[PDB]
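> Pasting in a structure now, in structure tokens, and then I'll have a few things to ask.
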Amino acid sequence: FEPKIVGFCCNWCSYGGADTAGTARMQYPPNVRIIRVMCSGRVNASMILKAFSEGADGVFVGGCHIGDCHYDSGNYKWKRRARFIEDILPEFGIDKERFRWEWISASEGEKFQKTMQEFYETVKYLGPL
Amino acid sequence: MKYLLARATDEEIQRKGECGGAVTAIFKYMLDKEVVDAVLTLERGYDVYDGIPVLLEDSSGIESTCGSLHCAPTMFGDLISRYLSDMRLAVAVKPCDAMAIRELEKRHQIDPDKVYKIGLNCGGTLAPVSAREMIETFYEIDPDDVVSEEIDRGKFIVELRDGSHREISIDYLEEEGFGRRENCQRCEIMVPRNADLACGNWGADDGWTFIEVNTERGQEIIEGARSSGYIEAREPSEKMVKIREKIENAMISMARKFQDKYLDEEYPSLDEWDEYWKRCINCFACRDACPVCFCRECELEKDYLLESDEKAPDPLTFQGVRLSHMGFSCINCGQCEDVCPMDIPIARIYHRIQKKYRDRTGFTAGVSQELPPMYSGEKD
Amino acid sequence: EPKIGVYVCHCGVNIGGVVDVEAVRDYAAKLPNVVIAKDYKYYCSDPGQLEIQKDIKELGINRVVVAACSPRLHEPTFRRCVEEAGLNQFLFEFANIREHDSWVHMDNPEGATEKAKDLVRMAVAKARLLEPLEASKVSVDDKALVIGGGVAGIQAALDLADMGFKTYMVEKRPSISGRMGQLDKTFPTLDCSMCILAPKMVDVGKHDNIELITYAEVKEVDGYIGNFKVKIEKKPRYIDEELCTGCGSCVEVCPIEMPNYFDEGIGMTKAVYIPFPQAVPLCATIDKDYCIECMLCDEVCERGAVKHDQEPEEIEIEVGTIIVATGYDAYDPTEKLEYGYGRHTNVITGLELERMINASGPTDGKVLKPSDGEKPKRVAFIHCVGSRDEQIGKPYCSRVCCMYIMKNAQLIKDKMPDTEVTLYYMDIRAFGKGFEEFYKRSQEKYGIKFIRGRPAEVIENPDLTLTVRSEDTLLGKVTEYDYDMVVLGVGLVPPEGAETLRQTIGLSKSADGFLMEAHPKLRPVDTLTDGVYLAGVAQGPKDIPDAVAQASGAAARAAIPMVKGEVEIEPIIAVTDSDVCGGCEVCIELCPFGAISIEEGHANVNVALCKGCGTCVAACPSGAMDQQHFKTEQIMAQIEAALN
Amino acid sequence: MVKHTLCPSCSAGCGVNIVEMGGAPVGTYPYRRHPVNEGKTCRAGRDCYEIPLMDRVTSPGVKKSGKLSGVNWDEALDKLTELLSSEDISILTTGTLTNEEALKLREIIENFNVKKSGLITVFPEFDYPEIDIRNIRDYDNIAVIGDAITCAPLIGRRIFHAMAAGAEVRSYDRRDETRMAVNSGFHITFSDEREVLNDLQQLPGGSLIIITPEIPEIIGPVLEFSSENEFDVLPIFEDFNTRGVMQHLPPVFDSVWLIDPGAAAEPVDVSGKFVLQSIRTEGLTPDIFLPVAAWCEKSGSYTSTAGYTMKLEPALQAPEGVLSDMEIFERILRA
Ligand SMILES: Cc1cc2nc3c(=O)[nH]c(=O)nc-3n(C[C@H](O)[C@H](O)[C@H](O)COP(=O)(O)OP(=O)(O)OC[C@H]3O[C@@H](n4cnc5c(N)ncnc54)[C@H](O)[C@@H]3O)c2cc1C
Ligand SMILES: Cc1cc2nc3c(=O)[nH]c(=O)nc-3n(C[C@H](O)[C@H](O)[C@H](O)COP(=O)(O)OP(=O)(O)OC[C@H]3O[C@@H](n4cnc5c(N)ncnc54)[C@H](O)[C@@H]3O)c2cc1C
Ligand code: SF4
Ligand code: SF4
Ligand code: SF4
Ligand code: SF4
Ligand code: SF4
Ligand code: SF4
Ligand code: SF4
Ligand code: SF4
Ligand code: SF4
Ligand code: SF4
Ligand code: SF4
Ligand code: FES
């Protein structure tokens with residue numbers, strides 16, 4: 001079983017973190033597909049619900065660490081939305097382990113690689129949605 | 001004056017009034033003295049089970065709007081926001097009506113300056129057809145003979161055309177699948193303190209309305225209505241003001257028990273929810289009836305969300321999206337569940353989600369004057 | 001109708017080694033709207049850019065997708081390539097198949113190729129819905145406004161005027177100087193303060209590039225960076241500023257006595273007054289709360305400069321940048337009922353002592369007991385009055401009270417060698433340059449006594465001597481010492497009218513009640529409101545050199561936009577559909593840059609202020625707000641392509 | 001402002017309140033007191049308030065050269081009387097008149113001698129029982145032919161109630177992915193009506209057959225089978241007052257007078273003159289147009305598929321220049 005994982009990564013840190021992981025040649029499972037946004041404040045529940053309804057077994061969102069946002073507050077709004085989404089998701093049979101949101105800096109290639117490995121293992125253990 | 005006991009000075013109004021006719025007298029004063037331009041109230045149709053909204057521009061024949069209609073689970077906020085937005089107005093509101101109007105006012109859909117809220121105590125409402133079936137099954141009478149209805153010592157009680165009263169324990173009826181609406185059993189708010197005035201009978205004698213003045217605007221209403229002699233007032237005993245507090249506390253405790261029942265113990269399982277969501281016909285009646293869903297164009301009808309085929313929508317892109325949009329502002333008014341052609345218990349899930357959000361953040365939908373913390377511009 | 005050209009880069013063997021580029025190109029060829037799908041070894045080179053340009057020119061391509069490396073590495077390169085080809089730079093999309101696919105899945109060539117196909121599909125899905133966008137240019141006016149005429153405001157105005165920018169300085173008081181003009185000497189050098197300040201005030205007063213508007217307040221501010229329209233209300237002096245010479249004849253003949261604001265409540269003047277001899281402008285002012293219209297000033301004035309019929313004036317200015325340098329007020333310790341300020345006669349604040357010690361102050365430089373006007377034989381100083389105290393909601397340090405307490409103690413000892421001075425402190429914050437040596441010299445040279453302990457109470461005796469009940473925490477014992485005078489080390493608070501100005505400009509305040517900077521570390525003088533900068537104590541308590549450094553920095557930051565003369569805004573900004581906007585306004589407070597306002601019941605995004613984050617777009621329920629180049633439809637298409 | 005009325009979008013007798021402001025319909029409000037639906041409506045029921053304003057024509061018209069041109073009421077009435085009295089006319093109506101209007105039109109037909117008359121419907125004349133839909137839940141066995149949920153959602157609601165209370169529901173259709181097919185207990189996709197009849201052979205007496213107009217060919221046989229085997233038949237007609245009109249007129253060309261105040265007529269074949277008596281004329285180019293008052297602008301009664309009759313007062317004022325069908329009929333008779 002190969003899970004289908006959709007990722008949202010902010011342009012400034014979390015996309016940079018994945019790029020840093022790539023430059024260092026750190027290997028993680030090929031399952032994730034990354035969509036680029038300017039800020040994690042661009043992500044809302046509609047995107048996550050669409051990803052889950054279109055067949056995603058897990059959904060990852062990666063933003064800047066709290067205080068590091070390139071737009072100074074976007075990740076705060078995203079964090080609020082993410083907590084509410086964690087409330088909403090189990091009501092429709094989606095284990096909240098399938099929804100992973102993390103703060104990754106542009107230099108944390110190892111953090112990105114480990115997060116991807118653990119998320120892939122978790123989703124694989126959970127099985128098809 | 002926090003508390004008063006008021007009643008109309010017109011004999012017709014007090015006779016026809018449920019509780020001394022104070023509310024009708026306030027409306028008549030407000031229209032006569034031009035405080036407001038109109039009054040939005042209910043009015044029975046061809047029977048006590050048929051309460052239709054009416055917008056009165058003058059007080060002539062206002063006594064036809066007197067009395068309480070427990071079988072009218074109406075919402076006024078949606079009507080005030082869709083069509084009556086640029087009118088100075090006075091409206092009779094149950095606590096759910098006031099909650100809807102507050103959620104719409106913090107979203108600038110209703111102007112708080114232009115709307116006067118004479119809220120009513122509410123212990124629950126009933127669906128009319130269900131109420132008639134209940135009266136046929138348990139009271140063993142023809143429903144057309146019922147002239148009035150009230151809930152009290154735990155009892156739905158019916159006045160009759162003959163003139164007698166028939167009483168049945170509401171606990172029995174609600175355990176037999178009847179009685180107040182399920183959202184009304186979970187209702188945590190009984191006095192409308194999110195209104196200008198709060199009128200009830202929980203601390204009043206016969207022929208008087210117990211009024212709690214919540215705002216300075218309510219004080220102006222009461223002063224103007226007494227000075228011109230539309231309403232006569234006296235002050236509750238403070239032995240009465242305590243009986244009312246105890247009754248309200250007991251009601252709120254029972255509401256919490258029913259929340260723990262319907263939202264935890266009798267909450268449908270995931271399989272039962274799948275069975276329910278299979279039924280949805282994508283008619284959007286729940287969205288249309290919801291007072292908090294006011295948008296001119298709805299996102300649920302966009303090409304990337306809307307269900308194209310003539311089949312049940314994916315519960316995520318319909319229900320989860322509406323939840324992410326407004327579930328922190330759900331007032332548990334039950335309109336969505338009321339209008340659903342498929343008999344889906346929408347309000348249960350929406351109220352459960354709102355309760356989780358409130359427990360985490362402490363935001364009370366329809367009570368707090370501020371927007372939810374979700375829309376906070378601080379970095380809290 | 002979209003006509004997409006896809007270009008897969010080998011990157012030598014970096015991508016092609018793991019990812020089968022030929023198969024990816026073949027797959028891209030079949031995708032709808034894809035007209036051509038090629039592949040070249042190094043698309044980041046003149047040959048590859050020429051190939052892309054040639055297909056744009058020959059095959060009539062309106063959308064370009066490059067499958068390669070990071071947008072963060074080479075997006076500007078390919079945007080420039082396509083724009084030189086004549087295609088809008090925002091009709092180009094990038095797929096990352098090297099850092100995200102080929103360098104991280106070297107063990108799974110099949111998985112890498114499938115992932116590359118998925119990513120190219122997502123890129124094409126986004127490209128199908130792209131639109132052409134043009135960057136906007138916003139003109140920046142080269143005139144500046146400085147609010148506040150203190151040392152920080154004076155420094156900022158002089159720096160901006162010396163850089164060639166026409167400047168307007170607005171000061172609410174009749175004269176410029178601020179609090180620094182009220183001090184006698186400055187720590188840690190005990191230098192004459194007015195004598196260093198006065199030359200700068202005179203320079204400001206006759207600078208050709210400075211328009212000084214004293215006794216005026218900023219009534220309204222509209223617009224944005226480079227385009228500020230400011231309405232200023234010049235209060236009536238009742239004296240002709242052009243004709244008055246400041247001789248002071250009118251002051252001598254005035255029969256009314258009025259308090260002097262410059263003496264902080266211990267000195268008096270007349271209803272017609274000049275705040276101090278070194279005032280700029282040297283002009284008289286009449287206060288009509290005390291004038292009786294006797295007209296003596298009229299018949300004594302030799303220049304006919306008295307105008308009892310004057311009216312408030314309205315000034316409209318257009319500026320590009322605003323520097324707020326409004327300073328501070330001294331804390332009012334009347335609420336600290338235990339210390340008895342306002343009740344006990346011989347309890348005074350530090351600023352009153354500054355005015356008393358000043359040789360041109362009301363007492364002519366003599367420190368006298370307010371009760372009997374005699375020199376105090378024993379003086380106590382109390383630290384942290386109004387600061388570091390949660391009983392009054394002031395949990396911050398005012399940062400200057402320790403040093404000015406020690407300075408005033410040293411000045412008292414210099415004036416009166418035999419006087420005994422004691423300081424009651426919690427911590428001695430002598431952190432600045434030469435401050436620790438100042439601290440030591442307070443003891444070694446002048447013999448000032450230091451008691452570590454926050455006094456519990458100050459009690460007035462029948463003879464008006466003051467007993468300070470306090471623990472000596474280092475002796476570990478309660479002490480009750482008597483003093484002829486007690487001075488309170490009052491802290492710094494935002495001035496009166498700070499909130500009105502803050503709402504007028506639209507700024508945000510920090511927890512301590514002062515104005516908030518854009519970034520605490522790297523942007524100390526900037527604000528999230530573009531074109532507005534903070535200088536001096538307006539941003540928070542500090543001493544004169546810190547305020548001067550901040551004022552010069554604010555001048556530099558303000559000059560940068562005015563030097564440029566224009567600002568370029570990338571068109572990834574948010575846009576509102578007025579047909580769908582319900583006017584709910586829940587998006588307004590989510591913009592950290594204040595780019596969203598409400599006009600005619602609909603939300604409007606200011607093009608010049610939007611940074612393109614997309615938070616408001618994600619917050620809008622109905623979808624009336626959308627971000628260019630990151631529209632909801634485009635992201636949904638990318639999600640669908642990624643999963644299907 | 002808020003006035004009771006009946007939803008005209010299908011045969012189910014759902015009630016709705018129309019909100020009126022300034023003399024025009026502006027929205028809808030739940031009609032909770034109505035026993036058919038209890039304030040529940042499908043999307044069609046919540047958009048009905050726009051029917052009186054959608055492409056409304058309020059002036060009698062006549063076919064001048066090429067295009068329709070306005071004339072007065074007397075001229076159009078007289079020139080319709082011409083065709084009625086002299087040459088020939090076939091009078092066709094949809095289930096959109098009131099019962100009283102249906103009776104008046106039946107009087108017109110016999111007097112002026114119309115050989116061809118009736119109601120446009122695929123159902124036959126049957127001894128349809130009165131079946132209050134509230135009682136649908138009581139039936140032990142229910143068979144459904146067609147997509148009952150999609151045709152009338154608020155009767156599919158009662159089918160769901162019946163399934164909840166243990167009733168065994170079977171659905172028959174030519175399609176395999178439909179709401180009724182999806183949700184019913186057992187579904188059979190058939191290509192021969194014989195299979196449907198053989199499956200109905202096992203239905204006990206008193207069972208309920210709910211038949212929609214989706215398959216017109218099997219209506220005739222099934223009704224026959226329901227008469228032999230003692231079943232209760234619930235038809236789902238096409239128009240809101242099909243059952244009420246059926247009483248006064250039988251289920252029905254050269255020259256047609258088509259009366260459809262509801263604009264619910266699927267296009268029919270006309271060879272000669274075309275006299276249209278409707279509310280909007282967008283679809284065709286009638287020889288003469290007779291604008292009438294809408295469903296909700298009339299006094300009269302309507303019967304739903306189940307048989308629930310509902311007397312109604314005008315919820316809206318008819319636009320100036322139009323007449324109720326009965327006024328036109330009385331003018332035709334008396335003129
Ligand atoms: C459904 C319902 C439940 C109530 N439950 C309680 C309760 O548990 N405890 C309590 O103390 N009081 C309750 N009340 C209020 C009670 O009837 C008071 O005696 C009365 O409101 C006091 O004002 P009055 O009698 O002078 O008003 P009246 O002169 O009788 O005027 C009442 C006005 O309320 C309007 N109105 C607004 N919404 C409704 C509605 N949904 N149904 C009917 N009329 C409506 C009427 O049209 C009328 O204009 C309830 C009222 C309603 C409508
Ligand atoms: C008792 C005492 C002793 C001190 N001793 C020393 C010392 O020895 N050495 C040292 O380095 N520092 C000392 N300081 C600190 C020093 O005073 C400050 O660092 C400095 O004065 C800050 O200058 P500023 O221009 O930021 O503010 P301010 O000096 O307060 O000037 C602000 C100016 O803005 C004006 N203004 C305010 N609001 C408005 C408005 N709405 N519109 C227009 N104008 C407005 C004010 O009237 C004033 O002209 C001392 C402070 C105190 C209280
Ligand atoms: S939800 Fe609450 S306020 Fe509304 S009718 Fe029910 S009990 Fe009354
Ligand atoms: S979701 Fe349902 S219960 Fe909640 S406010 Fe909307 S209609 Fe009322
Ligand atoms: S579902 Fe969302 S967009 Fe639609 S009306 Fe409700 S809040 Fe508005
Ligand atoms: S009202 Fe019921 S059937 Fe209609 S869309 Fe909402 S949940 Fe679905
Ligand atoms: S575009 Fe990127 S992957 Fe291709 S050759 Fe240039 S640097 Fe290498
Ligand atoms: S007119 Fe006023 S300011 Fe002038 S001398 Fe008289 S009191 Fe003083
Ligand atoms: S008003 Fe005249 S007298 Fe007074 S200070 Fe000015 S110049 Fe001198
Ligand atoms: S600087 Fe010294 S006296 Fe002033 S608040 Fe800080 S610790 Fe207290
Ligand atoms: S853009 Fe959206 S959130 Fe902002 S005011 Fe308009 S409708 Fe409300
Ligand atoms: S996209 Fe971001 S920066 Fe632009 S207006 Fe919206 S919140 Fe402000
Ligand atoms: S089921 Fe039929 S009658 Fe009822 S609301 Fe829907 S379309 Fe109208
Ligand atoms: S920029 Fe990455 S979270 Fe705001």
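Within each chain, counting starts at residue 1; across the structure tokens, chains are named A, B, ... in the order shown, with ligands numbered 1 upward in that order.
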Pick out the residues no farther than 10 Å from ligand 13, counting only C-alpha atoms and all ligand atoms, and list them as number ranges by chain.

B: 283, 341; D: 6-16, 36-37, 39-48, 149-157, 239-240, 304

> Could the residues in this selection be saved with N, CA, C and O atoms as a short mmCIF file (atom, residue, chain, number, x, y, z; two decimals), in the first residue's frame?


data_model
loop_
_atom_site.label_atom_id
_atom_site.label_comp_id
_atom_site.auth_asym_id
_atom_site.auth_seq_id
_atom_site.Cartn_x
_atom_site.Cartn_y
_atom_site.Cartn_z
N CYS B 283 -30.00 19.89 -1.98
CA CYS B 283 -30.99 20.92 -2.22
C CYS B 283 -30.61 22.27 -1.61
O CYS B 283 -31.17 23.29 -2.02
N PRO B 341 -35.21 18.17 3.75
CA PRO B 341 -36.21 17.23 3.21
C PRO B 341 -35.87 15.78 3.46
O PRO B 341 -36.73 14.92 3.26
N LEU D 6 -48.95 27.14 -2.61
CA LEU D 6 -48.55 25.79 -2.93
C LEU D 6 -47.40 25.82 -3.93
O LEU D 6 -47.43 26.60 -4.88
N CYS D 7 -46.40 24.99 -3.70
CA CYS D 7 -45.30 24.90 -4.65
C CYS D 7 -45.80 24.27 -5.95
O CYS D 7 -46.39 23.18 -5.92
N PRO D 8 -45.59 24.91 -7.10
CA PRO D 8 -46.09 24.35 -8.37
C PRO D 8 -45.08 23.52 -9.16
O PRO D 8 -45.39 23.14 -10.29
N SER D 9 -43.91 23.23 -8.60
CA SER D 9 -42.82 22.65 -9.38
C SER D 9 -42.92 21.14 -9.56
O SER D 9 -42.20 20.59 -10.39
N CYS D 10 -43.78 20.46 -8.81
CA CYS D 10 -44.13 19.09 -9.13
C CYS D 10 -45.45 18.77 -8.45
O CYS D 10 -46.07 19.62 -7.82
N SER D 11 -45.88 17.51 -8.59
CA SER D 11 -47.21 17.12 -8.16
C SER D 11 -47.35 17.04 -6.65
O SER D 11 -48.47 17.16 -6.15
N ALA D 12 -46.26 16.84 -5.92
CA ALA D 12 -46.35 16.82 -4.46
C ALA D 12 -46.92 18.13 -3.96
O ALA D 12 -46.60 19.20 -4.48
N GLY D 13 -47.78 18.06 -2.96
CA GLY D 13 -48.54 19.23 -2.56
C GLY D 13 -47.85 20.13 -1.55
O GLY D 13 -48.52 20.71 -0.70
N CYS D 14 -46.54 20.28 -1.66
CA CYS D 14 -45.79 21.04 -0.66
C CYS D 14 -46.29 22.47 -0.57
O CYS D 14 -46.58 23.12 -1.58
N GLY D 15 -46.38 22.98 0.66
CA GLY D 15 -46.74 24.36 0.91
C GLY D 15 -45.52 25.23 1.15
O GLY D 15 -44.52 24.77 1.69
N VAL D 16 -45.61 26.49 0.74
CA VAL D 16 -44.53 27.45 0.90
C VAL D 16 -45.14 28.81 1.17
O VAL D 16 -46.24 29.11 0.71
N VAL D 36 -48.11 18.17 4.27
CA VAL D 36 -47.43 17.38 3.25
C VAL D 36 -45.93 17.37 3.50
O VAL D 36 -45.30 16.31 3.51
N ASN D 37 -45.34 18.54 3.72
CA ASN D 37 -43.90 18.67 3.83
C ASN D 37 -43.42 19.25 5.15
O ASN D 37 -42.26 19.04 5.51
N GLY D 39 -42.85 22.39 5.99
CA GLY D 39 -41.88 23.43 5.77
C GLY D 39 -40.62 22.99 5.06
O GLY D 39 -39.73 23.83 4.84
N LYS D 40 -40.50 21.72 4.71
CA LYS D 40 -39.36 21.23 3.95
C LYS D 40 -39.64 21.36 2.46
O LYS D 40 -40.76 21.11 2.01
N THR D 41 -38.63 21.78 1.71
CA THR D 41 -38.75 21.92 0.27
C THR D 41 -37.44 21.56 -0.39
O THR D 41 -36.37 21.67 0.22
N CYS D 42 -37.52 21.12 -1.64
CA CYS D 42 -36.35 20.95 -2.47
C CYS D 42 -35.97 22.29 -3.09
O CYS D 42 -36.62 23.31 -2.86
N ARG D 43 -34.90 22.30 -3.88
CA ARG D 43 -34.45 23.55 -4.48
C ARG D 43 -35.55 24.17 -5.34
O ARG D 43 -35.71 25.39 -5.38
N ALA D 44 -36.32 23.33 -6.03
CA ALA D 44 -37.39 23.84 -6.89
C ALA D 44 -38.44 24.58 -6.09
O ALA D 44 -39.01 25.57 -6.56
N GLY D 45 -38.72 24.12 -4.87
CA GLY D 45 -39.72 24.77 -4.04
C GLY D 45 -39.29 26.10 -3.47
O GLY D 45 -40.14 26.93 -3.15
N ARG D 46 -37.99 26.32 -3.33
CA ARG D 46 -37.49 27.57 -2.78
C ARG D 46 -37.18 28.61 -3.85
O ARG D 46 -36.87 29.75 -3.51
N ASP D 47 -37.26 28.25 -5.13
CA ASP D 47 -37.09 29.18 -6.23
C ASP D 47 -38.41 29.54 -6.91
O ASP D 47 -38.40 30.31 -7.88
N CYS D 48 -39.54 29.02 -6.43
CA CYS D 48 -40.81 29.22 -7.11
C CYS D 48 -41.28 30.66 -7.08
O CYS D 48 -42.04 31.07 -7.96
N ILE D 149 -37.67 9.50 -5.69
CA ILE D 149 -36.96 10.51 -4.89
C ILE D 149 -36.67 11.74 -5.73
O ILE D 149 -36.83 12.88 -5.26
N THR D 150 -36.23 11.56 -6.97
CA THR D 150 -35.89 12.71 -7.80
C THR D 150 -37.13 13.41 -8.33
O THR D 150 -37.15 14.64 -8.44
N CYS D 151 -38.17 12.66 -8.68
CA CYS D 151 -39.38 13.27 -9.24
C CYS D 151 -40.05 14.16 -8.21
O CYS D 151 -40.34 15.33 -8.48
N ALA D 152 -40.31 13.63 -7.02
CA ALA D 152 -40.88 14.39 -5.91
C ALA D 152 -40.07 14.07 -4.66
O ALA D 152 -40.35 13.06 -3.98
N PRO D 153 -39.07 14.88 -4.32
CA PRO D 153 -38.24 14.57 -3.14
C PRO D 153 -39.03 14.39 -1.86
O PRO D 153 -38.65 13.56 -1.02
N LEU D 154 -40.11 15.14 -1.66
CA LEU D 154 -40.82 15.11 -0.39
C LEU D 154 -41.72 13.89 -0.24
O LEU D 154 -42.23 13.66 0.86
N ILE D 155 -41.92 13.10 -1.29
CA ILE D 155 -42.51 11.77 -1.13
C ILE D 155 -41.42 10.71 -0.94
O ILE D 155 -41.64 9.71 -0.25
N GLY D 156 -40.24 10.92 -1.53
CA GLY D 156 -39.11 10.08 -1.19
C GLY D 156 -38.76 10.17 0.28
O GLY D 156 -38.27 9.20 0.87
N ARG D 157 -39.00 11.32 0.89
CA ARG D 157 -38.86 11.45 2.34
C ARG D 157 -39.73 10.43 3.07
O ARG D 157 -39.29 9.76 4.00
N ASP D 239 -47.67 17.62 -13.43
CA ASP D 239 -47.99 18.98 -13.03
C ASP D 239 -48.60 18.99 -11.64
O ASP D 239 -49.05 17.96 -11.13
N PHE D 240 -48.61 20.17 -11.02
CA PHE D 240 -48.97 20.24 -9.61
C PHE D 240 -50.45 19.92 -9.38
O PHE D 240 -50.79 19.31 -8.36
N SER D 304 -53.14 17.45 -5.00
CA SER D 304 -51.82 16.87 -5.21
C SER D 304 -51.96 15.40 -5.60
O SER D 304 -53.06 14.85 -5.65
#

> Using only C-alpha atoms and all ligand atoms, determine which residues fall within 6 Å of ligand 7, then list them as a PyMOL selection string.

chain C and resi 9+11+42-44+68-69

> Please check which protein, DNA or RNA residues sit within 10 Å of ligand 14, counting only C-alpha atoms and all ligand atoms, and write them as a PyMOL selection string.

(chain A and resi 9-16+37-43+61-79+103-106) or (chain C and resi 613-615)

> Compile the residues of chain C that lie within 8 Å of chain B, evaluated using only C-alpha atoms, and express the compilation as a PyMOL selection string.

chain C and resi 580-587+589-592+619+621-623+633+636

> What is the atom CA of residue 335 of chain B-atom CA of residue 31 of chain D distance in Å, reported with one decimal?

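Atom CA of residue 31 of chain D lies 12.6 Å from atom CA of residue 335 of chain B.
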
> Could you make a table, as a Markdown table, of the residues of chain B that have an atom within 8 Å of an atom of chain D, each with its nearest atom pair and distance in Å to one decimal, counting only C-alpha atoms, in chain and number order?


| residue | atom | partner | partner_atom | distance |
| --- | --- | --- | --- | --- |
| B:49 | CA | D:33 | CA | 6.4 |
| B:50 | CA | D:33 | CA | 5.5 |
| B:52 | CA | D:2 | CA | 7.0 |
| B:53 | CA | D:2 | CA | 6.6 |
| B:54 | CA | D:1 | CA | 7.0 |
| B:55 | CA | D:1 | CA | 7.4 |
| B:127 | CA | D:32 | CA | 7.3 |
| B:128 | CA | D:33 | CA | 5.6 |
| B:129 | CA | D:33 | CA | 6.2 |
| B:278 | CA | D:183 | CA | 7.6 |
| B:279 | CA | D:183 | CA | 7.3 |
| B:283 | CA | D:43 | CA | 4.9 |
| B:284 | CA | D:43 | CA | 6.9 |
| B:285 | CA | D:42 | CA | 7.0 |
| B:310 | CA | D:178 | CA | 7.4 |
| B:311 | CA | D:179 | CA | 6.2 |
| B:312 | CA | D:179 | CA | 7.9 |
| B:338 | CA | D:40 | CA | 7.4 |
| B:339 | CA | D:40 | CA | 4.5 |
| B:340 | CA | D:40 | CA | 5.9 |
| B:341 | CA | D:40 | CA | 5.1 |
| B:342 | CA | D:157 | CA | 5.6 |
| B:343 | CA | D:157 | CA | 7.6 |

> Counting only C-alpha atoms, which residues of chain C come no farther than 7 Å from chain A, as an MDAnalysis selection string?

chainID C and resid 99:100 103:105 111:112 115 592 613:615 617:618 636 639:640 642:643

> Could you please take those selected residues and save C-alpha atoms as a short mmCIF file (atom, residue, chain, number, x, y, z; two decimals), in the first residue's frame?


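Written file, again.cif:
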data_model
loop_
_atom_site.label_atom_id
_atom_site.label_comp_id
_atom_site.auth_asym_id
_atom_site.auth_seq_id
_atom_site.Cartn_x
_atom_site.Cartn_y
_atom_site.Cartn_z
CA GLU C 99 15.30 19.37 -5.31
CA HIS C 100 11.85 17.88 -4.67
CA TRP C 103 17.84 14.56 -5.48
CA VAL C 104 15.66 12.94 -2.78
CA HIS C 105 14.46 9.73 -4.51
CA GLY C 111 8.89 6.41 -8.23
CA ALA C 112 10.94 9.45 -9.21
CA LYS C 115 6.45 11.82 -9.23
CA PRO C 592 -1.00 42.97 9.11
CA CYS C 613 0.40 36.81 1.52
CA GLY C 614 -3.13 35.52 0.86
CA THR C 615 -4.41 35.45 4.44
CA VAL C 617 -8.21 35.46 0.70
CA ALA C 618 -8.20 32.30 2.79
CA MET C 636 -7.86 23.47 -6.46
CA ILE C 639 -4.79 19.57 -5.85
CA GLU C 640 -6.94 17.64 -8.33
CA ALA C 642 -1.77 15.96 -7.81
CA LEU C 643 -4.35 13.38 -6.75
#

> Expressed in Å to a single decimal, how great is the separation between atom CA of residue 170 of chain B and atom 3 (C, counted along the ligand's line) of ligand 1?

14.0 Å

> Hey, which residues come within 6 Å of ligand 1 if we count only C-alpha atoms and all ligand atoms? Could you give them as JSON, numbers by chain?

{"B": [17, 18, 19, 20, 21, 22, 23, 24, 41, 42, 43, 65, 66, 67, 68, 69, 70, 72, 73, 74, 92, 93, 94, 120, 121, 122, 123, 124, 125, 199, 200, 201, 202, 209]}

> Fewer than 5 positions away in the same chain doesn't count, so skip those; otherwise give me all residues within 10 Å of residue 105 of chain D, counting only C-alpha atoms, as a list in words.

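Here the answer would be residues 91, 93, 97, 99, 100, 110, 117, 118, 248, 249, 259, 325, 326, 328, 329, 330 and 333 of chain D.
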
> Check which residues fall inside 10 Å of ligand 10 when counting only C-alpha atoms and all ligand atoms, and print them as a ChimeraX atom specification.

/C:381-389,394-406,424-431,454,488-492,541-542
